[PDB]
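Accompanying notes for the structure given below.
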Amino acid sequence: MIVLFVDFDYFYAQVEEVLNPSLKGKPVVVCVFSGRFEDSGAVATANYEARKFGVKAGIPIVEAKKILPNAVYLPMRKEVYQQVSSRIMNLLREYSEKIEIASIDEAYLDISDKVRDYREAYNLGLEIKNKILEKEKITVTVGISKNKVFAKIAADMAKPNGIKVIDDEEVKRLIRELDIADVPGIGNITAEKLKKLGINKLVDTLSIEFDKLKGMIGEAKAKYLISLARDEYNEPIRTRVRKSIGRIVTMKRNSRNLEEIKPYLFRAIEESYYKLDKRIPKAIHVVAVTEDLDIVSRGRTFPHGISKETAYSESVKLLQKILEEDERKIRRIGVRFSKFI
DNA sequence: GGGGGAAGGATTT
DNA sequence: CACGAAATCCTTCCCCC
Ligand SMILES: Nc1nc2c(ncn2[C@H]2C[C@H](O)[C@@H](COP(=O)(O)OP(=O)(O)OP(=O)(O)O)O2)c(=O)[nH]1
Ligand SMILES: [Ca+2]
Ligand SMILES: [Ca+2]
Ligand SMILES: [Ca+2]
């Protein structure tokens, strides 16, 4: 079982770079301006020239402006990146059929066939990096191991613009040397729940009774960590398919006024439908980010599809339902459509 | 007891 | 201060064999 993971480097930043070469070399920060005030918003991502000074995805634009005032700040253009991504995903098909597109810039290729050992894998890794750097002028980091989880950790260790093979000899030492927090799927919250159990490496999972672990982190993730530590993880690569579409927007001000909110909620629906393009959804949820970044949502599943007019009608009710309960002001508002016909 | 759908959340990338 | 989008998993509630 040989898995090849491809991760496009500082993707958005790099695309903006590609589209305007003069930018290369300078510190670039791709932003998402909320429009509340001046420079309100957050960082979608940044290139390494900015990354090394602490400017990273998540921080407010204002905190980034404070660290690197003379860096280039571009608005985020999601659509563009999307089409550059897909074109690259096509070039990857010319190397395998068994492909899983995890995100806008991640992909696992099952190449157990077209190879047989790692020496001929590290080669296909270079055939792919170079191929991509050529047709689209974009650098990627390749990771190669026996399963998706390790294929990915490989890339993490080798980025940016790198390639790495995690055979088996080392997979053994990693199950003991790797910090549990650096395991895909283990977030900050899960990483911390694992300290209170004495789990600081994968191996420590074998030392704990399964039930005390299922109670702390749930069964799924428990069976996940164990399988990996017990070195028998083998999830397959498969074609993932869109299950939901949506959009959440930020309001210029926080409010509880229905008539003051409806315009944002409607614009969200309008955009969601544009993206739905031909897909008919049976389920709708109205999501809201309260005044203290807490996520609230209400929904309804219908026996039939949902016409645009129905959606308008329903969303207004679901929002009212939200204001009925939570007495907190609303900062962000949006919708999501699922259960397509 | 346990299937199976719903809904509202939690957590991760 | 602190945007966005989508997946999976969890706990709870419910109708009913
Ligand atoms: N709006 C927004 N976009 C994000 C965020 N994190 C990642 N993205 C987007 C833009 C990133 O270029 C893209 C790929 O994510 P990583 O692959 O997580 O980001 P990036 O490629 O810059 O770093 P990397 O190549 O993985 O070392 O996803 C985020 O927190 N907010
Ligand atoms: Ca990544
Ligand atoms: Ca990446
Ligand atoms: Ca992690």
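Readers should treat all values here as calculations from the given coordinates under stated rules, not as data from a laboratory. Note that each Cβ is placed from the backbone with ideal geometry, even for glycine, and that neighbours are counted across all protein chains shown.
Look through region A:173-184, keep the residues that are in a helix (DSSP H, G or I) and more than 16 Å from ligand 3 (Cβ to nearest atom), and return whichever of them is nearest to the chain's Cα centre (by Cα). Per the criteria, the residue is A:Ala181. One residue is enough: does region A:252-270 have a residue meeting the conditions within 30 Å of A:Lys98 (Cα to Cα), loosely packed, with under 13 Cβ neighbours inside 10 Å and touching a residue at least 12 places away in the same chain (Cβ under 8 Å)? The answer is no, given that none of the residues of region A:252-270 is within 30 Å of A:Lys98 (Cα to Cα), loosely packed, with under 13 Cβ neighbours inside 10 Å and touching a residue at least 12 places away in the same chain (Cβ under 8 Å).
Evaluate the following for A:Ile144: is it free of Cβ contacts under 8 Å to residues at least 60 places away in the same chain and surrounded by 20 or more Cβ atoms within 10 Å (Cβ to Cβ)? Considered against the rule, which asks whether it is free of Cβ contacts under 8 Å to residues at least 60 places away in the same chain and surrounded by 20 or more Cβ atoms within 10 Å (Cβ to Cβ), A:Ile144 comes out as no.
For every residue, the table says whether it meets (1) part of a helix (DSSP H, G or I); (2) in contact with a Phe, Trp or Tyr (Cβ under 8 Å, 6 or more places away or on another chain); (3) of a type outside the set (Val, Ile, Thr).
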site	(1), (2), (3)
A:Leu109	no, yes, yes
A:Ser112	no, no, yes
A:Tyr118	no, no, yes
A:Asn123	yes, no, yes
A:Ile128	yes, yes, no
A:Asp156	yes, no, yes
A:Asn161	no, no, yes
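Among the residues of region A:301-312, is there at least one that is more than 14 Å from A:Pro281 (Cβ to Cβ), in contact with a helix residue (DSSP H, G or I) (Cβ under 9 Å, 6 or more places away or on another chain) and either surrounded by 16 or more Cβ atoms within 10 Å (Cβ to Cβ) or in contact (Cβ under 8 Å) with a residue 60 or more places away in the chain (or both)? Checked region A:301-312: no residue is more than 14 Å from A:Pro281 (Cβ to Cβ), in contact with a helix residue (DSSP H, G or I) (Cβ under 9 Å, 6 or more places away or on another chain) and either surrounded by 16 or more Cβ atoms within 10 Å (Cβ to Cβ) or in contact (Cβ under 8 Å) with a residue 60 or more places away in the chain (or both). Within the set of pairs 6 or more residues apart or between chains, which connect a residue that is under 16 Å from A:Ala154 (Cβ atoms) inside region A:168-186 to a residue that is among the basic types (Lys, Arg) and within 16 Å of ligand 2 (Cβ to nearest atom) with Cβ atoms less than 6 Å apart? Going by the 6 Å Cβ cut-off, the qualifying pairs are A:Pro184/A:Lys152.
Considering only residues of region A:185-231 that are within 16 Å of ligand 2 (Cβ to nearest atom) and either surrounded by 16 or more Cβ atoms within 10 Å (Cβ to Cβ) or on the phi > 0 side of the Ramachandran plot (or both), which is nearest to the chain's Cα centre (by Cα)? If we take residues in region A:185-231 being within 16 Å of ligand 2 (Cβ to nearest atom) and either surrounded by 16 or more Cβ atoms within 10 Å (Cβ to Cβ) or on the phi > 0 side of the Ramachandran plot (or both), then A:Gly185 is nearest to the chain's Cα centre (by Cα).
Cβ separations smaller than 6 Å between residues 6+ apart or across chains give the following pairs from region A:1-30 residues that are over 30 Å from A:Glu232 (Cα atoms) and charged (D, E, K, R) to residues that are assigned to a helix (DSSP H, G or I) and more than 16 Å from ligand 4 (Cβ to nearest atom): A:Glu17/A:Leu23; A:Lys24/A:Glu17.
Does A:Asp39 qualify as being near ligand 1 (Cβ under 10 Å from one of its atoms) and either under 20 Å from A:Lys137 (Cβ atoms) or in contact with a strand residue (DSSP E or B) (Cβ under 9 Å, 6 or more places away or on another chain) (or both)? In short, no. Among the residues in region A:321-339, are any farther than 28 Å from A:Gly41 by Cβ, under 22 Å from the mean Cα position of the chain (by Cα) and not hydroxyl-bearing (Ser, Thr, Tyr)? Looking for residues that are farther than 28 Å from A:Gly41 by Cβ, under 22 Å from the mean Cα position of the chain (by Cα) and not hydroxyl-bearing (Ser, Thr, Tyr), one finds at least one in region A:321-339, hence yes. The residue that is nearest to ligand 3 (Cβ to nearest atom), counting only those in region A:19-42 that are of a type outside the set (S, T, N, Q) and under 22 Å from the mean Cα position of the chain (by Cα), is A:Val30. Hey, among A:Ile138, A:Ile88, which residue is buried (at least 16 other Cβ atoms within 10 Å of the Cβ), assigned to a loop (DSSP other than H, G, I, E, B) and within 15 Å of ligand 1 (Cβ to nearest atom)? Only one candidate qualifies: A:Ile138. If you go through region A:99-135 and keep only what is closer than 19 Å to A:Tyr81 by Cα and among the small types (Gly, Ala, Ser), you end up with A:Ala102, A:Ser103, A:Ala107. Could you list, in sequence order, all residues of region A:102-128 that are surrounded by fewer than 20 Cβ atoms within 10 Å (Cβ to Cβ) and within 16 Å of ligand 2 (Cβ to nearest atom)? Of everything in region A:102-128, those that are surrounded by fewer than 20 Cβ atoms within 10 Å (Cβ to Cβ) and within 16 Å of ligand 2 (Cβ to nearest atom) turn out to be A:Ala102, A:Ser103, A:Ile104, A:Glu106. Number of residues in region A:304-317 that are under 16 Å from A:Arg267 (Cβ atoms) and of a type in the set (A, V, I, L, M) equals 2.
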